[PDB]
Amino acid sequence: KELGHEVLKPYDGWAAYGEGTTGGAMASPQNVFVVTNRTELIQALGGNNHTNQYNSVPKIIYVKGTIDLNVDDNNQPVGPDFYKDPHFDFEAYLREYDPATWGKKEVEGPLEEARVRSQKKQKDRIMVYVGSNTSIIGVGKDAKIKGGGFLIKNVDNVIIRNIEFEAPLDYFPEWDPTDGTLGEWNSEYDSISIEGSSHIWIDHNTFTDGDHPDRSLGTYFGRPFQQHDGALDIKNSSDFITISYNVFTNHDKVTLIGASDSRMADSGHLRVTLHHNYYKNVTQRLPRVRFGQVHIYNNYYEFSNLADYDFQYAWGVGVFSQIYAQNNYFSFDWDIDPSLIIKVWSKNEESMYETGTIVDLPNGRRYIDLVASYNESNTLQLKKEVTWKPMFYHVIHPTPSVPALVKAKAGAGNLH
């Protein structure tokens, strides 16, 4: 059958739970589309971006070529001027809220309100809603999505495959003087944002900041102008998700699973499986987890100290997380302290299981206990123990075979 007819294997990750994930595989021939631009994409998804989220009709959408979501209704590229509120001016915003004169007071006033409206206009245009029972599949080796992202909100049964996503740029990042000690700029757009949705399969896609690395975005208020956000974020009670054979490269914050320490509504959810993904020269959240039983296996993480993106940490152990990591392979071209690979964000002794981890450093290649490594050099301890046993997987490859396999098969254009 067609590529759009392919569905998630019976035991391939949490997304296989119950009836599994079939996306728009059962779509009628009249509901199989080929799109080449923003308008055609929104039309194939329903005809109206906002209400498209309620379109649960089985549908297959093939993405051919490059689709820039940062375009007007005539599909012509637009710049910040197109979105800019009449009461907003970047320079004026810089002068008004610089930490050196505004301090750490809550950002407010006409300029901020104007920034919010400008941001909303871009958001309403570049974040494409995806309805239930949808399969968005890239054609060939050059299917690309840029300037925007997919919003998988309050829907179920969605498949996204074979597409190269260039992370969307937020033209009106919010300045938060209290984010950290020095404050930080924060953006809203992700290439794929999964919110309150279940049974989602993200497979063989490539995520990159591409032609717009953070390094080229500049600095304001003495802080990097972070116009990017997540590559693939999962939050607000989303559940049963499988992230496989994807490439995540040249990006800062990759994958968030659970966005709040206090959202108890996430408890019992956020069950995600991530396997055979290629993380190359990314900074953090690979992934960062809160509440979920997240299965992480056969992933290849590769970092070079020459990369534009520094490395902070890979596995974020958040509140009530239940990470179960198996046979992941890490490669660094510098003698990094392996205790830095795991980072914990909690007030309690969290539990996680980890086994078969290999670290490949200039001083040697070997199996390593990352949890033990973390504990030896940190304060708050992490307990290595089995609290649950992953059942949704067909095969777990031996760790030394991971690099060759992932490098060869992960990412857009590497199927068939």
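Quick note: we count residues from 1 along the sequence shown, nothing fancier.
For the two regions 187-195 and 76-84, the entry's Cα B-factors average higher over 76-84. Legend: mean Cα B-factor per stretch from the PDB entry, 266-274 versus 94-102; the higher mean is in 94-102.
Of the candidates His204, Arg223, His228, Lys144, it is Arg223 whose Cα B-factor is highest according to the PDB record.
Listed residues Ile136, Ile200, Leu182, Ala314 were ranked by CA B-factor as deposited; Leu182 comes out on top. Looking at the C-alpha B-factors along this chain, the one for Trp345 belongs to the highest third. Sort the modelled residues of the chain by CA B factor and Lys121 lands in the lowest third. Sort the chain's modelled residues by C-alpha temperature factor and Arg215 lands in the highest third, per the entry. Placement of the Cα temperature factor of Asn378 within the chain: middle third of the modelled residues, per the deposited record. When the modelled residues of the chain are ordered by their C-alpha B factor, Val402 lands in the lowest third.
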